[PDB]
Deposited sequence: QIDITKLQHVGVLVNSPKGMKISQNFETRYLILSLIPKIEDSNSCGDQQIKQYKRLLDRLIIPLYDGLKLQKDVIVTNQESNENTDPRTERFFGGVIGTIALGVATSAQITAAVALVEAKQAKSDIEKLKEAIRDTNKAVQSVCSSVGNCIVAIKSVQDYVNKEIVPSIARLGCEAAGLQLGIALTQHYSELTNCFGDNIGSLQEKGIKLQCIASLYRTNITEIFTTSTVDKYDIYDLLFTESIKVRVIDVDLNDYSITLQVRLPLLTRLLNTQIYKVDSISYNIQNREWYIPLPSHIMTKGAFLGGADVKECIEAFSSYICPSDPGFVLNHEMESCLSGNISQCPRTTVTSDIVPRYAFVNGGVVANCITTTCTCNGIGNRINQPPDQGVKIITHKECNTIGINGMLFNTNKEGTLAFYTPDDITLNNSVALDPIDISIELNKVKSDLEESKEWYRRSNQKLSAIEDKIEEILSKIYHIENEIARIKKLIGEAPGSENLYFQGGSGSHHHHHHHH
């Protein structure tokens, strides 16, 4: 119900629309990260370098296990029992998600037993789907096991040690939420390759960005065979219906020799009959719509709604206190600007057009072929379109001004009762 053409009279410009995409259902997959590679039949070449790798790993794996145990439990195992202490709605969802992990403990145990002794870097079993990546196994099989025929065990061991120390350094930057992007680039690369068979196939470039922002959760550590079990919740993005999102910016408004502007949020939203603002700090912009983890709408002030729904008289205004608020804009094949602050010689530099004192902004359509604002001359566009009042709801956005006005009121009624 936004009236874009009417709003221009008071300097509010609304960008072209876009849709919104939200994720409500998640697909659960498990990612076992075995950190000790295997060398097939190398006569125990690399054993010494593996031991040092284990000592180095114990620094980052023993604290991680201890932190896991100290974590409280919202639900103790109908889903389960409530437990003692305080926990809010946002924590109950994570608690339920973790409870779902205990149901697949038996199946995960089976997969780990199967992959105990194997040489494959990536391997998946689905009865429920599991995926297991082994430290730097690809590099080993490709350039270390072959390497021990021409160089010997010494050079191969030195190369293995350098590789493993570099791998340890790359670790401790993701495990210092572990962030999905950190995991993906670490092992080999990609995100559509790890989850070969899944919905990731039907993902655009913007969709892949949203998944990389999701955080994974550690749900087990072994300390006997060095492994970390992670739970990944990939999203299913479904576009909502009858939803639009715009963008709003404002320009200077002139009242009696001064500068004002109409303060509005960064974005405006309209879903169904609900008209209100929307924050996109955690969302991702795309070419056709947004992607938001949760509904961003937040209720605006009533006057702000009446203003945005075409009723100009109810918009509020404030004082300009900086140079951030602009003074001219290209609306549609024309300009809307405050001709008092900025010059408005349109057709020829000598020619000038003055906005009358009563009016606030000047809309030029067609009317004159070329327009120059300050020193630059522009030509209008005819393929486009365009067309050619009291606010009295002023406000102040600084607490000191409010306090002084309040003190004035306090003093005024005392004068009244006296």
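- Unmodelled regions (deposited sequence positions with no C-alpha coordinates, counted from 1) are 78 to 95, 146 to 148, 198 to 206, 396, 420 to 424, 455 to 516.
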